[PDB]
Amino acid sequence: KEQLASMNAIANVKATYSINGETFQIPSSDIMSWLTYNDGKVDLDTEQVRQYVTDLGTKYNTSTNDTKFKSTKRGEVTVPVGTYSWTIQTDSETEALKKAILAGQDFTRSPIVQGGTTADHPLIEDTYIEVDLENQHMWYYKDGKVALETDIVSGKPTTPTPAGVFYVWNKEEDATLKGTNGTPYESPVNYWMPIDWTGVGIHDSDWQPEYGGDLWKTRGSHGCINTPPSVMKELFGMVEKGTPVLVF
């Protein structure tokens, strides 16, 4: 029949993926090798398509692939996987991909994912909080320009601030952190910005006379990023929820 016109159509389909800011086309050769025919219907070897999506996941998932970050004082460095990420839902994507390809019309798409944001754009744009552990300094960029910066005091050597791609998932005022040392601690805080799932976050360090330098090795935090009370207030007021926070 003319289901040939069909099979020829999907063989020429330009399938374009947009993932983490990168664009590429699915090679025609892969499409042709997926092209199958059964039950009198033109189709795609779902097993092969699923392997391809499983590969997209392993190659691009920001949940299992570190992020290249353009730091302020060191050029491009690698920031480990953090809490701010996404994962391609294999079965949903495979089905959506097949449907798209079988339709036989050129298309561009970003994968179906689960996480803190979709994959139709780069994980890190030009708005984020940068926490340089080596320099014990913090920057807040808004649309590509520093909107505020300041020295900070990260966690002490025993309870180090973990590196990774995090994000401000919540904002609380007059909160009260709690942890151990043993011997629990309280230490109330005027502004709390959790960026982790383990207690780590940004907050005013009222009880800290000096920030920056090597302070953390002496009077280091329990993991949080201690911030000068006055700065923290201005930060909190301008940092929107969902803002990425890179710690390296």
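Don't overthink the numbering: it's just position in the shown sequence, from 1.
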**OP:** Between residue 181 and residue 182, count the deposited residues left without coordinates and pick a bin: none, 1 to 3, 4 to 9, 10 or more.
**Re:** 1 to 3
Subject >> Between 40-48 and 206-214 (mean CA B-factor, as deposited), the higher >> reply: 206-214
Subject >> Entry-level comparison of average CA B-factors, 233-241 and 14-22, reporting the higher stretch >> reply: 233-241
**OP:** In terms of CA temperature factor as recorded, identify the highest of 176, 117, 110, 92.
**Re:** 176
**OP:** Name the one of 121, 74, 98, 156 with the greatest CA B-factor according to the PDB entry.
**Re:** 156
Original post:
Comparing residue 221 with the other modelled residues of its chain, is its CA B-factor in the lowest, middle or highest third?
Top reply: highest
**OP:** Give the position of residue 186 by CA B-factor within its chain, expressed as the lowest, middle or highest third.
**Re:** highest
